[PDB]
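A.B. asks: Before I ask anything, let me first share the structure, which is written out below as structure tokens.
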Amino acid sequence: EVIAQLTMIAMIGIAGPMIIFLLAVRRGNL
Amino acid sequence: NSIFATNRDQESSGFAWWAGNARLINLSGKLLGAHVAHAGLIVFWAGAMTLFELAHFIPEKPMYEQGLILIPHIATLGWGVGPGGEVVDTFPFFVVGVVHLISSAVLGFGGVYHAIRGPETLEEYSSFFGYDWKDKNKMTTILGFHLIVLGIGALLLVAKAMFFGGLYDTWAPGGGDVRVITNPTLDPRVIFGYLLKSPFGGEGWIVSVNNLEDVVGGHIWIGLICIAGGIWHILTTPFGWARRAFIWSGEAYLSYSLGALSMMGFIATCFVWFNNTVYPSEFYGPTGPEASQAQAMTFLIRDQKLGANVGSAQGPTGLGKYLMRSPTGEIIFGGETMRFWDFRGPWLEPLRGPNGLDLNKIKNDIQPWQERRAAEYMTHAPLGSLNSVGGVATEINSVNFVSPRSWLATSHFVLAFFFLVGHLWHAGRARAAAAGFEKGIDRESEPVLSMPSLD
Amino acid sequence: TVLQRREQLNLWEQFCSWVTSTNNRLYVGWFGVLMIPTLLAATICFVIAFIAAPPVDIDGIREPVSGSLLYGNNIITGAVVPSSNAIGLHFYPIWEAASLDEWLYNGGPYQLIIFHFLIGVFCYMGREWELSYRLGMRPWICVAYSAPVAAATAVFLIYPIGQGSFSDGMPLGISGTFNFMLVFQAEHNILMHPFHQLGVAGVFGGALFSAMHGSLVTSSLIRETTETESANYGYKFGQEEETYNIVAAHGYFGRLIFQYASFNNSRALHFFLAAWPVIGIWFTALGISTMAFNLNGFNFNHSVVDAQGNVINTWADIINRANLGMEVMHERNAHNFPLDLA
Amino acid sequence: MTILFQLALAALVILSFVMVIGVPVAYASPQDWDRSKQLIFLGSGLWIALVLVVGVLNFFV
Amino acid sequence: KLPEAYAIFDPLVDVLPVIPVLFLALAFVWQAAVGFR
Amino acid sequence: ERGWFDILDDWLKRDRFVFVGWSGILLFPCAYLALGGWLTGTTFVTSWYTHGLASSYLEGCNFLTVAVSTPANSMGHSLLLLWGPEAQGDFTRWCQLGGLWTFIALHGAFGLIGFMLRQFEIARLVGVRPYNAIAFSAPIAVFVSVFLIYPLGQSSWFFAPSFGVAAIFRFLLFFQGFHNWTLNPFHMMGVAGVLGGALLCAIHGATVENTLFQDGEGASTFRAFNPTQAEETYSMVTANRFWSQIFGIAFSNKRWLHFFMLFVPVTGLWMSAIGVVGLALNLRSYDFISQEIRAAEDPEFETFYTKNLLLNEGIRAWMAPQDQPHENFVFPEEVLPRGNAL
Amino acid sequence: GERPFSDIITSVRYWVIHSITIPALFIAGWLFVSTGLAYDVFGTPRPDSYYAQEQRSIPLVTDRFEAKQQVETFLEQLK
Amino acid sequence: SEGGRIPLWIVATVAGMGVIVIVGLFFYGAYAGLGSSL
Ligand code: CLA
Ligand code: CLA
Ligand code: CLA
Ligand code: CLA
Ligand code: CLA
Ligand SMILES: CC1=C(/C=C/C(C)=C/C=C/C(C)=C/C=C/C=C(C)/C=C/C=C(C)/C=C/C2=C(C)CCCC2(C)C)C(C)(C)CCC1
Ligand SMILES: CC1=C(/C=C/C(C)=C/C=C/C(C)=C/C=C/C=C(C)/C=C/C=C(C)/C=C/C2=C(C)CCCC2(C)C)C(C)(C)CCC1
Ligand SMILES: CC1=C(/C=C/C(C)=C/C=C/C(C)=C/C=C/C=C(C)/C=C/C=C(C)/C=C/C2=C(C)CCCC2(C)C)C(C)(C)CCC1
Ligand SMILES: CC1=C(/C=C/C(C)=C/C=C/C(C)=C/C=C/C=C(C)/C=C/C=C(C)/C=C/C2=C(C)CCCC2(C)C)C(C)(C)CCC1
Ligand SMILES: [Ca+2]
Ligand SMILES: [Cl-]
Ligand SMILES: [Cl-]
Ligand SMILES: [Mg+2]
């Protein structure tokens, strides 16, 4: 399932930068 | 408030972003976080890679036709396999993978906690967990704790081998099989004799260990040595001669360990390339020497079946086409594989007598399973391309194969090499920093200007 | 026995002070204590063997190859020939031979030379660290030199180990070097290996950057001489002032390409000059050291196929034809079975 | 005993993804650390429990 | 193959081994967000 | 001033992000067309009708195997202009005939002229001596000798290098098998200059970085440099003593040092170009006559030189039928040179 | 005197413009191949056009001045 | 037209991810369709 594998790595791949972005918005302790 | 308001910048730390982890040298809490989080990465990979291997695993192909390196490690411990290395049960592979993957979440949790939430330095919080790199007694104490932990780890292998199902023994009489080790080799003349063997051909230093009794007994010794050494370092402080010989700093200690791991990496490269006892060829594929020997065996068998008298067959050079003498007289396979006569493997040894390969046994006693094994190993020689085209460099595309031995030897040579570079880098820097000139020459006190000219 | 131990102890300290002295014309040091005898032994044996050694049975098939000048070689064809394939990786010092005549037939000189040589250059590397420490320098010149050391180690030690024989180590000679390269391409397709490609970028780029840096500094030397003097006399050894206008040099190079492609920071520039060739050579040394375990260059032989199934050749397939020509001809009397497996 | 197992493992995967993002954000966030701390406890306890549930339920499918 | 009960998770298992690589890449996302200070 | 020439001169020499200059009128179109032709051909254009080879991403090649290949041997040294008598204005046929090869070679040649004129023009405007241009004469000598003089001496452009990664590897092995180019002392001097230049690049960069003065408090030392500063940023005196004691000799003159960094790779590339000019005429360093007379009379005499010729003979026989398709070589299997078994 | 690139590519105006033009260029290139036009502009054989069904010889150009007509003949020999 | 409103670290991350995707597609193509040897 190439569509499933691509969706999985998309959400996994977005998770990292999402953490940085949420903390930048919250002016967190980056 | 300001971009520079924290201590996590070059302005506060003296280190640029690309050396940012050096900002942690004297921040024991965050540095603890980095270490625990990194251990989570190691454990994560072990778990996730195993599940990937198992998901892709076809149990009726050889492991070494499937790009597997972790399942061979589990199978060597006797889990999941039976006679000849056949996979009888994949659930142990599944368990190892899941438990590592689950454990990596715990380590990652602790690592992230200590890295960004817990106390940044530990000394104010706890004298036990706090430390100064310059406190030599505290350094040998933590060293000692970890020596004890390592010694226990070595005894877990022993316990597996002797009390919890045994190990896979490629040498088991009648054919490779899982075997419980009941008589580990304890005689130190044997155990430490390995340490004094030449590393050159026909000797091979510790890489020559060729039976599980020596392997298990060696781990009994290492376990007790490490536990004893750990107790020693908890109860002692470094002697004067050691104090004067070493640099005492975090970066110096890092450099010692880099040199140590580099050495171990090179040792591992040679182990997986030459040893077929703790790296069974059933799981890892034949060694380079093994597959070269197996080709000679294959055409000896074929040509002898056709009527050739392989003992008297003179090759084009005057040496035997199939059989010749080593420089000390032993009967060995001919052709280029003359270089590989130190090879030993369970499919070949039934043909070996006191003087080497035995012509009578060669004429009368070669079994079909030996012909099969030699053919299999000849055609799974550890040669192949970076894009995993199996064969010699001139091979056409067709066979998707690079031996696990090549993958494991090359990766660990590369890693061991850069870790030697890192040893030199950090050892030189630690010396310069302890002496106070790691940032450059003092213009007002340049040493060479106070030296006599050379001429 | 009493204070005699102190007369021995200060004598040891005098020796230590001499060994580590910053005032010897050539620095000795503790690494030099190992380096000096091993390099002398390797040099002396190499010179004698290159001039006078008899032919060597490199491939263990009683087919001795002549390497020395007195036995019919010139500077280009001569070599010290690797030890016999019958020896393999076995350690073959003089005292393992029944005679010097046997030792010479079997390529003993090669092993003596390469083992002393490799100890020598590893200690030469340590010695570069050591003197920098005695002089109050930063320590990493030895790290740059680790690149050539890694490369020498790859061809004299790692590749023989992987292939199971010092008969496959690089010969100590000019034409023997080319032989090693050609057979290497046939057996590993090194040209198609990305670590060798990085090696080439390393040395092409190093030569480019050497010429670039040399030309840019030379272009902006400050006028301190007349036209009848070499401009080199405009610099005095140990002067405090810089001898060229780096603002002028940067102003040139920034307009040659664009401003931000040019270094204005001399320390960044010189780090780049160090790192580029050093990293390229590290990777090409790792190429040899990993093709030593037969993880070889990319293989695109017959990768392109038409709608019916006919192979459409590419330049990779033409490379393959050249590799085949070298494969089938090399060591023409040594193979009895169809595959060259080491 | 049923194939409810597929749900508990799905819950474990979802909860894991939620923790992977939420825990570092909470640890580095200025405000609402009091509320975050109890949630991290609860998420962690539920995570451990789901691991045990899946581990036990494994042997029924 | 994984035990059949877990088979639906095959595409996720295929992707997990790469996650460690993402941690190295995340360090650069983070450093860019603080301006490589 | 006034006068359209001076007004145009003003605009051409404006200080802007990308300097143009009079040289840019030649440089930018020719460089763009050479690069654009290579990208166009490697992405879309075949070599089926000139070589019997696929050579583009469109056909299934990868970055290592794509090329813009030379025209067929039957074209001779035709300029192969789009409007010329071969393609007769048909763009599609022009691509199939190999016209992109001469397009890239000729626009590339004039682009390199433009670039060296750019080095001169900028050096003159900024007021520096034009050593960077002088150093660039070496790349130009290499390009002209290899891509123009060599095929002009041979039968056709077909035997020039094709513009591709694997195509170039093929060119290297062709030169080994047919020219014995590794034996050529002009190539050997080229090798010495390239490797010597990479050595100088590494050693100079490393030496500066490890004899730096402490000019700031940071452990990362790049910030402690100021482009306008008068003082040397590293100690020439300490560097000189280090290398004097390690190696026996050291630079003492910074100007000589940086000139030498230009001299070595520039001279090496110039020497390799001279050798290629000889190979245009098959004027090879192929053999040593004294070696061949001895070996012909004495079947026990063997050197690394005779071993490499056997490899060359394999290369020629195994590679020529597909590499030279216009010759219609059919070599029956019984005539192919092969050692035992392989 | 021109505006810094870092200013340009961090402005919404830049991305408003190029959120249209960059995908348009990408899709045009895609269609240049997927419609097969690339084959005909450059004269590159499709996978079924290297050989005819019976002949297994390369259509090598052997005539300098009638090379154009010679490629024409080789192409009429397919299908 | 003012610079900085889209943070440069986000531009760099998204651009780099786009590079990774497109190069990843090219490596996928090495194993499927033309050039796959199959
Ligand atoms: C246990 C191993 C270990 C540890 C704990 C350290 C720790 C340290 N190192 Mg050392 N180092 C090591 C091994 C180690 N090193 C090795 C093996 C080498 C040789 C390569 C070095 C070479 C080295 C140098 C030259 C320097 C350090 C420095 C440092 C300090 C800062 C590190 C940092 O912030 O990097 C930040 C990390 C990065 C910038 C990323 C680097 C990525 C590498 C180059 C590429 C990885 C590619 C990957 C493996 C595969 C491809 C992936 C793909 C996405 C591209 C820190 C104390 C610095 C120092 O001296 O401080 C005092 C310093 O200048 N290290
Ligand atoms: C193994 C890889 C590794 C690890 C474990 C660390 C760890 C650390 N780094 Mg180093 N670093 C690395 C690689 C690594 N680094 C590389 C490759 C570079 C070059 C780019 C650097 C360059 C660098 C610099 C310049 C600095 C550090 C600093 C630090 C420390 C503080 C981090 C912080 O405050 O961020 C704040 C970040 C956030 C708040 C964003 C959230 C980050 C979390 C940890 C991500 C968690 C993701 C994960 C999926 C969560 C799972 C949760 C689940 C288990 C419940 C920390 C101990 C800093 C330091 O020394 O402080 C004193 C510092 O200044 N690092
Ligand atoms: C080498 C790893 C290591 C070390 C040296 C520390 C050290 C510390 N931790 Mg940290 N931590 C870690 C890993 C580590 N932790 C991990 C993996 C997690 C996730 C579970 C955490 C989560 C964590 C939290 C949430 C807190 C700490 C706290 C502390 C401090 C108080 C510890 C204490 O008094 O416990 C007392 C010790 C015991 C009660 C007995 C522990 C026995 C353990 C649980 C089992 C050991 C068995 C065996 C050795 C484990 C081997 C595992 C291996 C196979 C990987 C101390 C500095 C506290 C702190 O910093 O407060 C300011 C705190 O609040 N840690
Ligand atoms: C990770 C493991 C580890 C580490 C880092 C240390 C570190 C240390 N040990 Mg401890 N030790 C350990 C494990 C360890 N030990 C174990 C398991 C035991 C039980 C046997 C001991 C028993 C022990 C004792 C009895 C003593 C130490 C001492 C020391 C200190 C000086 C060490 C030294 O000078 O070595 C350098 C080695 C030498 C100077 C000897 C010569 C080495 C030769 C020249 C080179 C050999 C190289 C060769 C390639 C090795 C492999 C092949 C070979 C086996 C043939 C240093 C803090 C000393 C100390 O001060 O204790 C308070 C000390 O007296 N250790
Ligand atoms: C300065 C920039 C420059 C330079 C030096 C070149 C140089 C070249 N081009 Mg390139 N080209 C350029 C820009 C340039 N080009 C641009 C911008 C384009 C896109 C439009 C092209 C597109 C292009 C194509 C498609 C081709 C070339 C080709 C060539 C080569 C042959 C050119 C030729 O014979 O012209 C001859 C013309 C002159 C020398 C002009 C002289 C003008 C005189 C002095 C003025 C008087 C003329 C008079 C009024 C004319 C009367 C005619 C009347 C009697 C009918 C030559 C290497 C050919 C090639 O590479 O084949 C392999 C080829 O096929 N070029
Ligand atoms: C096990 C598991 C899990 C876990 C997971 C995890 C742990 C994750 C993580 C993740 C991550 C951790 C991610 C990250 C990512 C990252 C990224 C994606 C990055 C990228 C980067 C880039 C792209 C870069 C760029 C740049 C910059 C930034 C600057 C400089 C320049 C450059 C361009 C380089 C889950 C939950 C699924 C569930 C179940 C299973
Ligand atoms: C500090 C820091 C860092 C780092 C960090 C880290 C390194 C972390 C780690 C972390 C980790 C290390 C994490 C982990 C996690 C894990 C998890 C979360 C898991 C989970 C699991 C699961 C969920 C499972 C599931 C399952 C089962 C159970 C069965 C089979 C199937 C499956 C697989 C589905 C960085 C670099 C960023 C920078 C900044 C700072
Ligand atoms: C387990 C096992 C076994 C056993 C093993 C063992 C028993 C081991 C031991 C081991 C050991 C027992 C090791 C040792 C090592 C040592 C070392 C590695 C050392 C080092 C040293 C150093 C590094 C030093 C340095 C220095 C110098 C030289 C000069 C002065 C200064 C200093 C101190 C820096 C066997 C084989 C049976 C079998 C298999 C398994
Ligand atoms: C020829 C001709 C012409 C022209 C044309 C042109 C001018 C073109 C251009 C074209 C172009 C202009 C194209 C481009 C392309 C590009 C590409 C295709 C790219 C790719 C890239 C990539 C793939 C990347 C990669 C990488 C690197 C490099 C490093 C970093 C990392 C990575 C991996 C990302 C004319 C019309 C005049 C005329 C006719 C002929
Ligand atoms: Ca600060
Ligand atoms: Cl040969
Ligand atoms: Cl053979
Ligand atoms: Mg494809």
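Residue names in the structure tokens use chain letters A, B, ... in the order shown, residue numbers from 1 in each chain, and ligand numbers from 1 in the order shown.
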What are the residues of chain H that have an atom within 12 Å of an atom of chain B, counting only C-alpha atoms, as a PyMOL selection string?
C.D. replies: chain H and resi 27+30-31+35-38
A.B. asks: Please return, as an mmCIF file with C-alpha atoms, in the first residue's frame, all residues of chain B lying within 7 Å of chain C when only C-alpha atoms are considered.
C.D. replies:
```cif
data_model
loop_
_atom_site.group_PDB
_atom_site.id
_atom_site.type_symbol
_atom_site.label_atom_id
_atom_site.label_comp_id
_atom_site.auth_asym_id
_atom_site.auth_seq_id
_atom_site.Cartn_x
_atom_site.Cartn_y
_atom_site.Cartn_z
ATOM 1 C CA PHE B 200 47.897 -12.749 11.039
ATOM 2 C CA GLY B 201 46.873 -15.590 8.755
ATOM 3 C CA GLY B 202 46.237 -18.997 10.299
ATOM 4 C CA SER B 292 36.093 -19.318 -2.586
ATOM 5 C CA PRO B 316 48.621 -25.218 -16.117
ATOM 6 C CA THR B 317 51.229 -23.786 -13.689
ATOM 7 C CA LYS B 321 44.459 -27.996 -10.470
ATOM 8 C CA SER B 326 50.224 -25.222 1.768
ATOM 9 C CA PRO B 327 53.709 -23.803 2.509
ATOM 10 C CA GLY B 335 43.781 -22.325 -7.756
ATOM 11 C CA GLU B 336 43.622 -18.824 -6.304
ATOM 12 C CA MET B 338 45.359 -21.413 -2.037
ATOM 13 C CA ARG B 339 45.264 -18.145 -0.017
ATOM 14 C CA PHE B 340 42.189 -19.361 1.897
ATOM 15 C CA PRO B 382 29.958 -11.896 -0.571
ATOM 16 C CA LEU B 383 30.472 -9.879 -3.768
ATOM 17 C CA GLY B 384 27.947 -7.378 -5.106
ATOM 18 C CA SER B 385 27.258 -3.776 -6.069
ATOM 19 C CA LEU B 386 26.156 -0.777 -3.992
ATOM 20 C CA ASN B 387 22.712 -1.060 -5.627
ATOM 21 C CA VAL B 389 23.328 -6.435 -7.836
ATOM 22 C CA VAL B 392 31.279 -9.870 -9.720
ATOM 23 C CA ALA B 393 31.558 -6.288 -10.987
ATOM 24 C CA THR B 394 30.944 -7.446 -14.592
ATOM 25 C CA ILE B 396 24.548 -8.436 -15.509
ATOM 26 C CA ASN B 397 21.495 -7.382 -13.530
ATOM 27 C CA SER B 406 29.673 -7.169 3.373
ATOM 28 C CA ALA B 409 31.980 -5.252 7.557
ATOM 29 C CA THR B 410 31.833 -2.080 5.436
ATOM 30 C CA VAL B 414 33.546 3.338 8.019
ATOM 31 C CA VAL B 421 39.485 10.544 13.469
ATOM 32 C CA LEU B 424 42.483 12.255 17.327
ATOM 33 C CA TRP B 425 40.307 15.370 17.098
ATOM 34 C CA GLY B 428 44.358 16.771 20.569
ATOM 35 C CA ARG B 429 41.749 19.343 21.589
ATOM 36 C CA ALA B 432 45.385 21.905 24.037
ATOM 37 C CA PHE B 437 45.989 27.219 24.032
ATOM 38 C CA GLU B 438 43.037 25.583 22.289
ATOM 39 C CA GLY B 440 45.172 30.013 19.550
ATOM 40 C CA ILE B 441 48.594 31.448 20.321
ATOM 41 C CA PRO B 447 56.283 30.269 22.801
ATOM 42 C CA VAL B 448 58.351 30.005 19.601
ATOM 43 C CA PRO B 452 66.504 29.616 20.108
ATOM 44 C CA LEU B 454 66.993 26.010 14.860
#
```
A.B. asks: With only C-alpha atoms as the atoms that count, which of H:20, H:10, H:25, H:15 lies nearest to chain A?
C.D. replies: H:10
A.B. asks: List the neighbours of residue 222 in chain F out to 10 Å using only C-alpha atoms; skip same-chain residues closer than 4 positions along the sequence, and give me the result as an MDAnalysis selection string.
C.D. replies: (chainID B and resid 16) or (chainID C and resid 265:269 271) or (chainID F and resid 209 215:216 218 226)
A.B. asks: Neighbours of ligand 9 at 10 Å or closer, counting only C-alpha atoms and all ligand atoms: which residues, as a PyMOL selection string?
C.D. replies: (chain F and resi 29-43+57+63+82+91+94-95+99-101+103-104) or (chain H and resi 16+18-24+26)
A.B. asks: Could you write out that same residue set with N, CA, C and O atoms as a CSV table (one decimal), in the first residue's frame?
C.D. replies:
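File selection-v3.csv, as written:
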```csv
chain,number,residue,atom,x,y,z
F,29,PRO,N,25.8,34.2,-23.0
F,29,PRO,CA,25.1,33.4,-23.9
F,29,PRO,C,25.8,32.0,-24.1
F,29,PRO,O,25.2,31.0,-24.2
F,30,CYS,N,27.2,32.0,-24.3
F,30,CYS,CA,27.8,30.8,-24.6
F,30,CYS,C,27.8,29.8,-23.4
F,30,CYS,O,27.6,28.6,-23.6
F,31,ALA,N,28.1,30.3,-22.2
F,31,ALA,CA,28.0,29.5,-21.0
F,31,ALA,C,26.6,28.9,-20.8
F,31,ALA,O,26.4,27.7,-20.5
F,32,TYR,N,25.6,29.8,-21.0
F,32,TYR,CA,24.2,29.4,-20.8
F,32,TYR,C,23.8,28.3,-21.8
F,32,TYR,O,23.1,27.3,-21.5
F,33,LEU,N,24.2,28.5,-23.1
F,33,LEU,CA,23.9,27.5,-24.1
F,33,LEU,C,24.6,26.2,-23.9
F,33,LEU,O,24.1,25.1,-24.2
F,34,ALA,N,25.9,26.3,-23.5
F,34,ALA,CA,26.6,25.0,-23.2
F,34,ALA,C,26.0,24.3,-22.1
F,34,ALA,O,25.8,23.0,-22.1
F,35,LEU,N,25.7,24.9,-21.0
F,35,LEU,CA,25.0,24.3,-19.8
F,35,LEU,C,23.6,23.8,-20.2
F,35,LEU,O,23.2,22.7,-19.9
F,36,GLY,N,22.9,24.7,-20.9
F,36,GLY,CA,21.5,24.4,-21.3
F,36,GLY,C,21.5,23.2,-22.3
F,36,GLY,O,20.6,22.3,-22.2
F,37,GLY,N,22.4,23.2,-23.2
F,37,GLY,CA,22.5,22.0,-24.1
F,37,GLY,C,22.8,20.7,-23.4
F,37,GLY,O,22.2,19.7,-23.8
F,38,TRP,N,23.7,20.7,-22.4
F,38,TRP,CA,24.0,19.5,-21.7
F,38,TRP,C,22.7,19.0,-20.9
F,38,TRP,O,22.4,17.8,-20.9
F,39,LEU,N,22.0,20.0,-20.2
F,39,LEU,CA,20.8,19.6,-19.5
F,39,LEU,C,19.7,19.1,-20.4
F,39,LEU,O,19.1,18.1,-20.2
F,40,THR,N,19.6,19.8,-21.6
F,40,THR,CA,18.6,19.4,-22.6
F,40,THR,C,18.9,18.0,-23.1
F,40,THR,O,18.0,17.1,-23.1
F,41,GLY,N,20.1,17.7,-23.5
F,41,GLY,CA,20.5,16.4,-24.1
F,41,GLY,C,20.4,15.3,-23.1
F,41,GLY,O,19.9,14.2,-23.4
F,42,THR,N,21.0,15.5,-21.9
F,42,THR,CA,20.9,14.4,-20.9
F,42,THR,C,19.5,14.2,-20.5
F,42,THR,O,19.2,13.0,-20.0
F,43,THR,N,18.6,15.1,-20.6
F,43,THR,CA,17.2,14.9,-20.1
F,43,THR,C,16.4,14.2,-21.2
F,43,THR,O,15.6,13.3,-20.9
F,57,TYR,N,17.5,10.8,-19.4
F,57,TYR,CA,16.5,10.4,-18.4
F,57,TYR,C,15.3,9.8,-19.1
F,57,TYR,O,14.7,8.9,-18.6
F,63,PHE,N,21.6,9.8,-13.4
F,63,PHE,CA,22.6,10.9,-13.5
F,63,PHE,C,24.0,10.4,-13.8
F,63,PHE,O,24.7,11.1,-14.5
F,82,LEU,N,23.4,23.5,-37.2
F,82,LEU,CA,22.0,23.2,-37.4
F,82,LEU,C,21.6,23.4,-38.8
F,82,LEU,O,20.9,22.5,-39.4
F,91,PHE,N,15.8,20.4,-36.7
F,91,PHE,CA,16.2,20.3,-35.3
F,91,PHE,C,16.2,18.9,-34.8
F,91,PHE,O,17.2,18.4,-34.1
F,94,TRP,N,19.0,16.9,-36.3
F,94,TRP,CA,20.3,17.5,-35.7
F,94,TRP,C,20.6,16.8,-34.4
F,94,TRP,O,21.7,16.4,-34.1
F,95,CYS,N,19.5,16.7,-33.5
F,95,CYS,CA,19.7,16.0,-32.3
F,95,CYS,C,20.1,14.5,-32.5
F,95,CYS,O,21.1,14.0,-31.8
F,99,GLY,N,24.3,16.7,-33.2
F,99,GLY,CA,24.6,18.1,-33.2
F,99,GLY,C,24.8,18.8,-31.9
F,99,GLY,O,25.5,19.8,-31.8
F,100,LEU,N,24.1,18.3,-30.9
F,100,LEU,CA,24.3,18.9,-29.5
F,100,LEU,C,25.7,18.7,-29.0
F,100,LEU,O,26.1,19.5,-28.2
F,101,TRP,N,26.4,17.7,-29.5
F,101,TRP,CA,27.8,17.6,-29.0
F,101,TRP,C,28.7,18.7,-29.5
F,101,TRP,O,29.4,19.4,-28.7
F,103,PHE,N,27.5,21.6,-30.7
F,103,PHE,CA,26.9,22.7,-30.0
F,103,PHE,C,27.5,23.0,-28.6
F,103,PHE,O,27.9,24.2,-28.3
F,104,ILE,N,27.6,22.0,-27.8
F,104,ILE,CA,28.1,22.2,-26.5
F,104,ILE,C,29.6,22.4,-26.5
F,104,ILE,O,30.1,23.3,-25.7
H,16,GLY,N,13.4,22.2,1.7
H,16,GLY,CA,14.2,21.0,1.9
H,16,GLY,C,13.3,19.8,1.8
H,16,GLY,O,13.7,18.8,1.1
H,18,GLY,N,10.6,19.4,0.1
H,18,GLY,CA,10.3,19.3,-1.3
H,18,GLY,C,11.4,18.7,-2.1
H,18,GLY,O,11.2,17.9,-3.0
H,19,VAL,N,12.7,19.1,-1.8
H,19,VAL,CA,13.8,18.5,-2.4
H,19,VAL,C,13.9,17.0,-2.1
H,19,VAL,O,14.1,16.2,-3.0
H,20,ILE,N,13.7,16.6,-0.9
H,20,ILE,CA,13.7,15.2,-0.5
H,20,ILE,C,12.7,14.4,-1.2
H,20,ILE,O,13.0,13.3,-1.7
H,21,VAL,N,11.5,15.0,-1.3
H,21,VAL,CA,10.4,14.2,-2.0
H,21,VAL,C,10.8,14.0,-3.5
H,21,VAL,O,10.7,12.9,-4.0
H,22,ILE,N,11.3,15.1,-4.2
H,22,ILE,CA,11.5,14.9,-5.6
H,22,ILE,C,12.7,14.0,-5.8
H,22,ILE,O,12.7,13.2,-6.7
H,23,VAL,N,13.8,14.1,-5.0
H,23,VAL,CA,14.9,13.2,-5.2
H,23,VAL,C,14.5,11.8,-4.8
H,23,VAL,O,14.9,10.8,-5.4
H,24,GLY,N,13.7,11.6,-3.8
H,24,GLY,CA,13.1,10.3,-3.4
H,24,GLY,C,12.3,9.7,-4.5
H,24,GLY,O,12.4,8.5,-4.8
H,26,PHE,N,12.9,10.1,-7.7
H,26,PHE,CA,13.9,9.7,-8.7
H,26,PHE,C,14.5,8.4,-8.3
H,26,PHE,O,14.8,7.5,-9.1
```
A.B. asks: Residues within 7 Å of ligand 6 (only C-alpha atoms and all ligand atoms), as a CSV table (one decimal) with C-alpha atoms, in the first residue's frame?
C.D. replies:
```csv
chain,number,residue,atom,x,y,z
A,12,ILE,CA,5.3,11.2,11.1
A,13,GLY,CA,7.4,13.7,9.1
A,14,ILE,CA,5.1,16.6,10.0
A,15,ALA,CA,5.2,15.8,13.7
A,16,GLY,CA,8.7,17.2,14.2
A,17,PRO,CA,8.4,20.6,12.6
B,101,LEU,CA,10.4,-0.5,20.5
D,13,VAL,CA,-0.8,4.2,18.3
D,14,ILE,CA,-3.0,7.3,18.5
D,16,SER,CA,1.6,7.6,21.2
D,17,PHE,CA,1.3,10.1,18.4
D,20,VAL,CA,5.0,12.5,20.9
E,16,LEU,CA,9.4,3.4,11.5
E,19,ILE,CA,12.4,7.9,12.3
E,22,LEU,CA,14.3,12.5,11.2
E,23,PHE,CA,15.7,13.4,14.7
E,25,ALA,CA,17.0,16.6,10.5
E,26,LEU,CA,14.8,18.0,13.3
E,28,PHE,CA,18.4,21.7,12.0
E,29,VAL,CA,14.7,22.7,11.9
E,32,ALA,CA,16.9,27.5,12.1
H,9,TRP,CA,13.1,28.7,8.9
H,12,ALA,CA,13.9,26.4,4.5
H,13,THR,CA,12.1,23.4,6.1
H,14,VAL,CA,9.4,23.2,3.4
H,15,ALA,CA,11.8,23.7,0.6
H,16,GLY,CA,14.2,21.0,1.9
H,17,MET,CA,11.3,18.6,2.3
```
